[PDB]
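Notes to accompany the following structure.
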Amino acid sequence: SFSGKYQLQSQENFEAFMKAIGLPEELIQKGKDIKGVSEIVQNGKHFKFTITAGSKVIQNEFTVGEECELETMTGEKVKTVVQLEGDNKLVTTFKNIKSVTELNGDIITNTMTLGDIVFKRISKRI
Ligand SMILES: CCCCCCCC/C=C\CCCCCCCC(=O)O
Ligand SMILES: CCCCCCCC/C=C\CCCCCCCC(=O)O
């Protein structure tokens, strides 16, 4: 069950991922420690998100099994389709990054794997 407004608790490889993809140290030092809200509304295939990237609210919707355009940090807007296992594990192919989102009861983890860099968020359902 994915529906909820999930507040951020722990954020792992933020400094190593944002410098590896080409972002500024001034904006990285602002968004690294802010405990913001990460929303998801589960409508069968269409998952409507409202995500806090430090100060910016990035709101887009992903379709499980058909093409869906989402905003990236380095780039523009990526058509990344998401596959679902057991109503808790969401897997996609972003801008050369394997993104794995897992729901453990009422706590969600977003693990963005870029080769050796493992960018892991840990947010609780509210
Ligand atoms: C889907 C969950 C993962 C979301 C990851 C978002 C990563 C954002 C990374 C870097 C951008 C940080 C921007 C910080 C605010 C800058 C503007 C300001 O307040 O001055
Ligand atoms: C590089 C980050 C750009 C911002 C959008 C990233 C979207 C990734 C795609 C699909 C997974 C969406 C997961 C939504 C829940 C995030 C929970 C969290 O913030 O802790």
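FYI, nothing fancy with the structure tokens labels: chains A, B, ... in order, residues from 1 per chain, ligands from 1 as they appear.
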Closest atom pairs, residues of range 33-79 of chain A within 10 Å of range 6-23 of chain A, only C-alpha atoms, as a tab-separated table:
```
residue	atom	partner	partner_atom	distance
A:33	CA	A:11	CA	7.6
A:34	CA	A:8	CA	8.0
A:35	CA	A:8	CA	4.8
A:36	CA	A:8	CA	5.5
A:37	CA	A:7	CA	4.3
A:38	CA	A:6	CA	5.0
A:39	CA	A:6	CA	5.8
A:40	CA	A:6	CA	8.0
A:50	CA	A:6	CA	9.9
A:51	CA	A:6	CA	9.4
A:52	CA	A:8	CA	9.2
A:73	CA	A:23	CA	7.8
A:74	CA	A:21	CA	6.3
A:75	CA	A:21	CA	9.6
```
Filtering to C-alpha atoms, could you give me those residues as a JSON list (two decimals), in the first residue's frame?
```
[["chain", "number", "residue", "atom", "x", "y", "z"],
["A", 33, "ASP", "CA", 19.94, 17.82, 5.95],
["A", 34, "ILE", "CA", 16.26, 19.17, 5.36],
["A", 35, "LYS", "CA", 13.59, 16.66, 6.72],
["A", 36, "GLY", "CA", 10.92, 17.36, 3.96],
["A", 37, "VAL", "CA", 7.72, 15.55, 2.77],
["A", 38, "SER", "CA", 7.71, 12.95, -0.13],
["A", 39, "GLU", "CA", 4.07, 12.26, -1.24],
["A", 40, "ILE", "CA", 2.68, 9.29, -3.31],
["A", 50, "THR", "CA", 4.83, 15.53, -4.60],
["A", 51, "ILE", "CA", 8.65, 15.33, -3.73],
["A", 52, "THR", "CA", 10.72, 17.88, -1.65],
["A", 73, "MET", "CA", 18.70, 16.73, -11.26],
["A", 74, "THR", "CA", 21.17, 16.51, -14.28],
["A", 75, "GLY", "CA", 19.17, 16.59, -17.61]]
```
> Once you count only C-alpha atoms and all ligand atoms, which residues end up within 7 Å of ligand 1, and could you hand them over as a ChimeraX atom specification?
Replying inline: /A:18,27-28,30-31,51-56,73,110,121
Keeping only N, CA, C and O atoms, take the residues you just selected and write them out as a PDB file, in the first residue's frame.
```pdb
ATOM      1  N   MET A  18      25.290  13.735  -5.998  1.00  0.00           N
ATOM      2  CA  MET A  18      25.151  15.076  -6.630  1.00  0.00           C
ATOM      3  C   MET A  18      26.481  15.651  -7.228  1.00  0.00           C
ATOM      4  O   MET A  18      26.445  16.190  -8.338  1.00  0.00           O
ATOM      5  N   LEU A  27      24.072  24.556  -3.463  1.00  0.00           N
ATOM      6  CA  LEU A  27      22.727  23.899  -3.460  1.00  0.00           C
ATOM      7  C   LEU A  27      22.715  22.474  -2.786  1.00  0.00           C
ATOM      8  O   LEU A  27      21.751  22.127  -2.097  1.00  0.00           O
ATOM      9  N   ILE A  28      23.787  21.665  -2.946  1.00  0.00           N
ATOM     10  CA  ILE A  28      23.961  20.343  -2.260  1.00  0.00           C
ATOM     11  C   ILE A  28      24.008  20.507  -0.698  1.00  0.00           C
ATOM     12  O   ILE A  28      23.265  19.820   0.010  1.00  0.00           O
ATOM     13  N   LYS A  30      22.585  22.898   1.019  1.00  0.00           N
ATOM     14  CA  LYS A  30      21.202  23.259   1.423  1.00  0.00           C
ATOM     15  C   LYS A  30      20.264  22.007   1.488  1.00  0.00           C
ATOM     16  O   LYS A  30      19.718  21.725   2.557  1.00  0.00           O
ATOM     17  N   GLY A  31      20.085  21.247   0.385  1.00  0.00           N
ATOM     18  CA  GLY A  31      19.214  20.038   0.384  1.00  0.00           C
ATOM     19  C   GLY A  31      19.657  18.737   1.100  1.00  0.00           C
ATOM     20  O   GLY A  31      18.835  17.822   1.192  1.00  0.00           O
ATOM     21  N   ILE A  51       7.325  15.591  -4.390  1.00  0.00           N
ATOM     22  CA  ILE A  51       8.647  15.334  -3.731  1.00  0.00           C
ATOM     23  C   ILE A  51       9.392  16.656  -3.372  1.00  0.00           C
ATOM     24  O   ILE A  51       9.561  17.556  -4.198  1.00  0.00           O
ATOM     25  N   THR A  52       9.913  16.725  -2.141  1.00  0.00           N
ATOM     26  CA  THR A  52      10.717  17.877  -1.653  1.00  0.00           C
ATOM     27  C   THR A  52      12.243  17.620  -1.878  1.00  0.00           C
ATOM     28  O   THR A  52      12.885  16.781  -1.227  1.00  0.00           O
ATOM     29  N   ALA A  53      12.815  18.373  -2.825  1.00  0.00           N
ATOM     30  CA  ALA A  53      14.277  18.400  -3.088  1.00  0.00           C
ATOM     31  C   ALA A  53      14.923  19.622  -2.361  1.00  0.00           C
ATOM     32  O   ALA A  53      15.342  20.607  -2.979  1.00  0.00           O
ATOM     33  N   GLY A  54      14.978  19.541  -1.017  1.00  0.00           N
ATOM     34  CA  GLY A  54      15.430  20.663  -0.158  1.00  0.00           C
ATOM     35  C   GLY A  54      14.403  21.815  -0.087  1.00  0.00           C
ATOM     36  O   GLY A  54      13.472  21.778   0.720  1.00  0.00           O
ATOM     37  N   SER A  55      14.585  22.810  -0.963  1.00  0.00           N
ATOM     38  CA  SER A  55      13.624  23.940  -1.136  1.00  0.00           C
ATOM     39  C   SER A  55      12.574  23.720  -2.285  1.00  0.00           C
ATOM     40  O   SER A  55      11.438  24.184  -2.150  1.00  0.00           O
ATOM     41  N   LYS A  56      12.928  23.061  -3.415  1.00  0.00           N
ATOM     42  CA  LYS A  56      12.004  22.875  -4.569  1.00  0.00           C
ATOM     43  C   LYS A  56      11.003  21.684  -4.391  1.00  0.00           C
ATOM     44  O   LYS A  56      11.388  20.553  -4.076  1.00  0.00           O
ATOM     45  N   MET A  73      17.699  15.724 -11.754  1.00  0.00           N
ATOM     46  CA  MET A  73      18.700  16.725 -11.264  1.00  0.00           C
ATOM     47  C   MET A  73      19.654  17.177 -12.420  1.00  0.00           C
ATOM     48  O   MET A  73      19.696  18.366 -12.747  1.00  0.00           O
ATOM     49  N   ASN A 110      14.176   4.996  -0.822  1.00  0.00           N
ATOM     50  CA  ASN A 110      14.459   5.221  -2.268  1.00  0.00           C
ATOM     51  C   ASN A 110      15.988   5.055  -2.501  1.00  0.00           C
ATOM     52  O   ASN A 110      16.773   5.926  -2.114  1.00  0.00           O
ATOM     53  N   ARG A 121      17.563   7.230   0.438  1.00  0.00           N
ATOM     54  CA  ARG A 121      16.649   7.960   1.364  1.00  0.00           C
ATOM     55  C   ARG A 121      15.872   6.944   2.272  1.00  0.00           C
ATOM     56  O   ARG A 121      15.624   5.795   1.889  1.00  0.00           O
TER      57      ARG A 121
END
```
> When DSSP works through the backbone of this structure, what residues of chain A end up as strand (DSSP E), shown as number ranges by chain?
Replying inline: A: 4-11, 37-43, 46-53, 56-63, 69-70, 78-79, 83-85, 89-93, 98-103, 107-114, 117-124
> In terms of the shortest atom-to-atom distance over only C-alpha atoms and all ligand atoms, which of A:122, A:85, A:2, A:113 is closest to ligand 2?
Replying inline: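 When distances to ligand 2 are compared using only C-alpha atoms and all ligand atoms, the smallest one comes from A:122.
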>> Counting only C-alpha atoms and all ligand atoms, which residue out of A:108, A:98, A:29, A:115 sits closest to ligand 2?
In response: A:108
>> List as a list in words the protein and nucleic acid residues near residue 41 in chain A, meaning an atom at most 12 Å away when only C-alpha atoms are counted, but skip any in the same chain fewer than 5 places from it.
In response: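 Once the adjacent positions are removed, what remains is residues 1, 2, 3, 4, 5, 6, 46, 47, 48, 49, 50, 51, 59, 60, 61, 62 and 63 of chain A.
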> Please, what distance in Å, to one decimal, runs between CA of residue 118 in chain A and CA of residue 42 in chain A?
Replying inline: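 Going from CA of residue 118 in chain A over to CA of residue 42 in chain A covers 25.9 Å.
Pairwise distance (CA of residue 26 in chain A, CA of residue 78 in chain A) equals 24.9 Å.
Across range 4-122 of chain A, DSSP run on the backbone finds alpha helix (DSSP H) at residues 14, 15, 16, 17, 18, 19, 20, 25, 26, 27, 28, 29, 30 and 31 of chain A.
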>> Could you list, as an MDAnalysis selection string, every residue within 10 Å of residue 94 in chain A, counting only C-alpha atoms and ignoring same-chain residues fewer than 3 positions away?
In response: chainID A and resid 70:72 77:82 91 97:99 112 114
>> So the first atom is CA of residue 92 in chain A and the second is CA of residue 24 in chain A; what is the distance between them in Å, to one decimal place?
In response: 25.7 Å
> For ligand 2, which residue out of A:101, A:88, A:117, A:44 is the nearest one, using only C-alpha atoms and all ligand atoms?
Replying inline: A:101
>> I'd like to know which of A:58, A:45, A:76, A:105 is closest to ligand 2, using only C-alpha atoms and all ligand atoms.
In response: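 When distances to ligand 2 are compared using only C-alpha atoms and all ligand atoms, the smallest one comes from A:58.
Proximity ranking of A:43, A:116, A:67, A:107 relative to ligand 2 places A:107 first, based on only C-alpha atoms and all ligand atoms.
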Fewer than 2 positions away in the same chain doesn't count, so skip those; otherwise give me all residues within 6 Å of residue 90 in chain A, counting only C-alpha atoms, as a PDB file with N, CA and C atoms, in the first residue's frame.
```pdb
ATOM      1  N   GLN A  83       8.517  -0.895 -12.613  1.00  0.00           N
ATOM      2  CA  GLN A  83       7.941  -2.262 -12.442  1.00  0.00           C
ATOM      3  C   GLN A  83       7.743  -2.557 -10.922  1.00  0.00           C
ATOM      4  N   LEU A  84       6.594  -3.158 -10.578  1.00  0.00           N
ATOM      5  CA  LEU A  84       6.193  -3.423  -9.174  1.00  0.00           C
ATOM      6  C   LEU A  84       6.186  -4.944  -8.810  1.00  0.00           C
ATOM      7  N   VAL A 100      15.666   1.890  -7.062  1.00  0.00           N
ATOM      8  CA  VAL A 100      14.918   0.809  -6.356  1.00  0.00           C
ATOM      9  C   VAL A 100      14.194   1.453  -5.129  1.00  0.00           C
ATOM     10  N   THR A 101      12.856   1.576  -5.164  1.00  0.00           N
ATOM     11  CA  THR A 101      12.066   2.137  -4.028  1.00  0.00           C
ATOM     12  C   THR A 101      11.368   0.972  -3.251  1.00  0.00           C
TER      13      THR A 101
END
```
